[PDB]
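Listed below, chain by chain, are the residues.
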Amino acid sequence: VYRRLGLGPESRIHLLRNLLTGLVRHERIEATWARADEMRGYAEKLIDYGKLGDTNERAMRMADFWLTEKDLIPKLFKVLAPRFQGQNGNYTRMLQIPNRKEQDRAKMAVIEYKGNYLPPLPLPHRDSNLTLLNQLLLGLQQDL
Amino acid sequence: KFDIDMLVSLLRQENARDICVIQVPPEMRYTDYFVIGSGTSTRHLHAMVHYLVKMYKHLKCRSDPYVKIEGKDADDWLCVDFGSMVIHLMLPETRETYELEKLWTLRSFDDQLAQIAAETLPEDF
Amino acid sequence: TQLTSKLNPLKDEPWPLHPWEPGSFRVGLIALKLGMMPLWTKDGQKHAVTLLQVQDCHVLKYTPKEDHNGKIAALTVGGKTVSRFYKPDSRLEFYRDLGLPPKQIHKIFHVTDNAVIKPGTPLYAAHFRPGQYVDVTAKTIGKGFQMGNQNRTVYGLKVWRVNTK
Amino acid sequence: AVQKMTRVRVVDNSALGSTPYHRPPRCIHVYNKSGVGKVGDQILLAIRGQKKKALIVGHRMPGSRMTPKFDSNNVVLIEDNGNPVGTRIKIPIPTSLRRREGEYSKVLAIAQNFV
RNA sequence: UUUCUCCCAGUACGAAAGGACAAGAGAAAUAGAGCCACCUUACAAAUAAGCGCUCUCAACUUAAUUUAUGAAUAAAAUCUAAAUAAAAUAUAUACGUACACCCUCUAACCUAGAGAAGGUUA
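## Things to note about the overall build of chain B
Part 1 of the reasoning: Helix and strand content of chain B: five helices and five strands.
Part 2 of the reasoning: Starting at the N terminus and walking to the C terminus, you meet the elements of chain B as α-β-β-α-β-β-β-α-α-α.
Part 3 of the reasoning: In terms of overall dimensions, chain B has C-alpha extents of about 60 × 35 × 30 Å along its principal axes.
Part 4 of the reasoning: Relative to its 125 residues, chain B shows a buried fraction of 47%.
Part 5 of the reasoning: Nonlocal contacts in chain B, meaning residues at least 24 apart in sequence, comprise 53% of its contacts between residues at least 6 apart.
Part 6 of the reasoning: Here chain B carries 14 positive and 21 negative side-chain charges, and the mean point of each set is 13 Å from the other.

## Points about the interface of chain B and chain D
Part 1 of the reasoning: Between chain B and chain D, the contact holds 37 residues from the first and 36 residues from the second.
Part 2 of the reasoning: Together, B:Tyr30, B:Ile116 and B:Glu119 form the three largest contributors to the area buried by chain B at its contact with chain D, with a combined 21%.
Part 3 of the reasoning: Here D:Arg23 and B:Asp124 are joined by a salt bridge, their closest N and O atoms 3.1 Å apart.
Part 4 of the reasoning: Taken together, chain B and chain D are joined by 14 residue pairs in polar contact.
Part 5 of the reasoning: Contributions of two or more residues to the side of chain B that touches chain D are made by β3 (69-70), β4 (77-81), β5 (85-90), α3 (92-98), α4 (100-105) and α5 (111-115) of chain B.
Part 6 of the reasoning: A total of four residues in the side of chain B that touches chain D trace back to one element, the largest contributor, which is α4(B).
Part 7 of the reasoning: Residues that form the side of chain B that touches chain D fall into these classes: 18 nonpolar, eight polar and eleven charged.

## A word on the packing of aromatic side chains
Part 1 of the reasoning: In total, this model carries 14 aromatic pairs over all chains according to the counting rule given.
Part 2 of the reasoning: Seen from their ring centres, B:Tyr30 and B:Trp104 are 5.4 Å apart, and the 5 degrees between their planes marks the pair as stacked. On the criterion of sequence distance, the pair formed by B:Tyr30 in the loop between β1 (19-23) and β2 (33-38) and B:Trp104 in helix α4 is long-range, its members being 74 residues apart. Of the two residues examined, B:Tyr30 and B:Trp104, each falls in the buried class.
Part 3 of the reasoning: Ring pairs connect the aromatic residues B:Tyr30, B:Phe34, B:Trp104 and D:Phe114, which therefore count as one cluster.

## Quick word on the protein's contact with RNA strand E
Part 1 of the reasoning: Near RNA strand E you find 45 residues, and of these B:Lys68, C:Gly142, C:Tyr155, D:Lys33 and D:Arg65 are the closest.
Part 2 of the reasoning: Atoms of RNA strand E within 4 Å of the protein: sugar and phosphate make up 73%, bases the balance.
Part 3 of the reasoning: Here a base nitrogen of RNA strand E and a side-chain polar atom of A:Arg12 are 3.5 Å apart.
Part 4 of the reasoning: Take C:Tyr86: an N or O atom from its side chain is 2.8 Å from a base oxygen of RNA strand E.
Part 5 of the reasoning: For the surface near RNA strand E, the elements supplying multiple residues, two or more each, are β1 (31-40), β5 (103-111) and β8 (151-158) of chain C.
Part 6 of the reasoning: The dominant element in the surface near RNA strand E, judged by the number of residues it contributes, is β8(C), at seven residues.
Part 7 of the reasoning: A breakdown of the residues in the surface near RNA strand E according to their chemical character gives 19 nonpolar, eleven polar and 15 charged.

## Remarks on the packing of helix α1 (residues 9-26) of chain A against helix α2 (residues 33-52) of chain A
Residue and element names in this part refer to chain A.
Part 1 of the reasoning: Axis separation between α1 and α2 bottoms out at 10 Å; the angle between their running directions is 60 degrees. Compared by their axis directions, α1 and α2 come out oblique. Once α1 is placed against α2, the crossing between them reads as right-handed. Here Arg-12, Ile-13, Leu-16, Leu-19, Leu-20 and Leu-23 of α1 come into contact with α2, specifically with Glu-38, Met-39, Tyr-42, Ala-43 and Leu-46.

## Things to note about the sheet that holds strand β1 (residues 28-32) of chain A
Hydrogen bonds between backbone atoms are what pair the strands of a sheet, whose relative direction is either parallel or antiparallel.
Residue and element names in this part refer to chain A.
Part 1 of the reasoning: Taken in spatial order, the three strands of this open sheet run β1-β3-β2, and their pairing is antiparallel. Only two strands of the sheet have a single partner each, and these edge strands are β1 and β2 (92-97). Strand-to-strand twist of the sheet, defined as the mean angle between neighbouring strand axes without regard to direction, takes the value 25 degrees.
Part 2 of the reasoning: The pairing of β2 with strand β3 (residues 108-113) spans six bridges and is classified as antiparallel. Counted as the bridge partner of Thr-92 is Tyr-113 from β3.

## Thoughts on the arrangement of the chains
Part 1 of the reasoning: Nowhere do chain B and chain C come into contact; their C-alpha atoms are at least 16 Å apart.
Part 2 of the reasoning: Chain D makes no contact with chain C, the minimum C-alpha separation between the two being 11 Å.

## Here we look at the state of the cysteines
Residues and elements named next belong to chain B.
Part 1 of the reasoning: Within the structure shown, the criterion is met by zero disulfides over all chains.
Part 2 of the reasoning: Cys-79 carries a free sulfur, and the closest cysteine sulfur to it, the one in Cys-20, is 16 Å from it.
Part 3 of the reasoning: By relative accessible area, which is 1% here, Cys-79 ends up buried.

Rules and cut-offs
- Residues numbered from 1 in each chain as written, not as in the entry; some residues may be left out.
- Chains lettered and ligands numbered in written order.
- Part of a larger assembly, values for the part shown.
- Heavy atoms only, no water.
- Helix = DSSP H or I, 4+ residues; strand = E, 2+ residues; numbered from the N terminus.
- Buried < 20%, exposed > 50% of the residue type's maximum accessible area, 1.4 Å probe, protein only.
- Contact = heavy atoms within 4.5 Å.
- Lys, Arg positive; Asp, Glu negative; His and termini not counted.
- Charge placed at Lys NZ, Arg CZ, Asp CG, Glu CD.
- Buried area = accessible area lost by both parts, 1.4 Å probe.
- Salt bridge = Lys/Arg side-chain N within 4 Å of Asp/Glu carboxyl O.
- Polar contact = N/O pair within 3.5 Å; in protein donor to acceptor, adjacent residues only side chain to side chain.
- Nonpolar A, V, L, I, M, F, W, Y, C, P; charged D, E, K, R; others polar.
- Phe/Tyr/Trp six-rings, centres within 6.5 Å; stacked < 30°, edge-to-face > 60°.
- Near = heavy atom within 4 Å.
- Axes fitted to C-alpha atoms, helices over the stretch in contact; angles between N-to-C directions.
- Parallel < 35°, antiparallel > 145°, perpendicular 65-115°, else oblique.
- Left-handed = near helix turned anticlockwise from the far one by under 90°.
- Pairing = 2+ DSSP bridges.
- Disulfide = S-S within 2.5 Å.

Shown next, in the form of structure tokens:
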């Protein structure tokens, strides 16, 4: 249930720790698809710790350990946590990007923090209902 | 049915010299009755042991299965385990040496219990 | 709608019912393995038991004795309905004629002529009864290259209880 | 439990068992179709440089549920004729030996302590 | 799958001594196929393992041999490289189990898998 990355399990935590810290600072990070999926679960769980409250000692310990840069700790409790108070989940959005042209052709994906101020990503749009097929289905819906 | 009173009467008929019967309270998780019997000689011990089992099988006990006889190889101690009673049959002289009656009559005050000793088991080096 | 339409076999021109005679073979069922748990008897003994659930068990195709195997005829039964989105049209076409949603697995059961049942008849766990010994065959768990994923049969398994609901 | 080697505590008043000795009493053979010896299983114990059959009454191996796990391996000596070598047993002995297949009445009679 | 005990039964049998069968039941053992409710060791992950638990087979077709009928051979003969009727090991496949379906495949997921294949998809 866990990918093998880095030179060891501790390196994976440190690698995951670095990735989590980078995401918070920028809110949008591009990395290999396998690594991005691995870090997605941790990011969502951290927001739950932020929602728990700043005064929570466990959250403070967790926030301090995971976020190397301490200026982010106020941001989590005063920017990230307040923003997603309404939402119950799905805080992180991960999308596929064309593979890197670095001679290794690794699978590339982009993971972003939802609600950010960054420019909107070019997300896919479903087919419009004005299409012939959709219109026919709409007629069936109306009859029913 | 085969019960305590019938067996002891059968034991008397075959002339058991010494019979000891000890009841067990409900708290103690063992047979309700513990029985010890004396017999003059191994031939008498074999005869009496067979007689009780034959009577037991004949005397109903259909629900209960057949009872195997333990200790027939030994010439001084034969014991048969019935459904509600266990009879331990031995010679008269063998009776005093073992003192099964003291063990049950005196649950914790039997003299032979103290006779047990301890040891030490050190390593070679 | 399809399931409700097939709920009543006896009200859908049921095939003639024949009396039992020695040597008759009844059809089998397909069930899902829920899990295992301990079961106790009136003797105080604890017996581990396995849970099998019969889901959407229906007769699908009847094969005549001569046309399938001269020794005995066979009946096809399928359960555990599956989605229609990611399946070929050929499989859907066959089930559309039968009037039932597609089933995960098709299995063939050897059934005597007297015990033949019209296709589309719903089969329930009540076919078996407590106290009856039954035979279950299933594919073994696959282990990869080191294996498994081979059909095996277990014989002489008693049935302790059936949950009708 | 008691098996090849597996130095055991001789719970008996037998002269060899009762007398202290510098080497512990180990087992040489298990009188069962399987090689594992548990409570109620005859074994070929060794005492005072002699080989004497012993009956296992306790083991430290994990057991089935609803049963007490002993912290020490206990055995009872049995003569060739089948009568116990010792006339008394000190450690509490489980009463399941009565129902166990075999001849256990003699040992149970000699076992005043039952748990 | 194999062994052992019990039962049948201290019976049948036998002057006694002694002492069976077949059928049935209970214990184990090992082999094979599996499984994780419990226990135990691990992963100090939701998993994998045993030291844990469950389940495991039928004989159409015969051979050594033993009889019946019966000529050659005048029989109240002869089992017959005489014509003929029977009984009688182990083998094995008559008897089964398992397989049977005919192929959507962007992508995702999988106890499926080296790759491929395979399964799943509100």
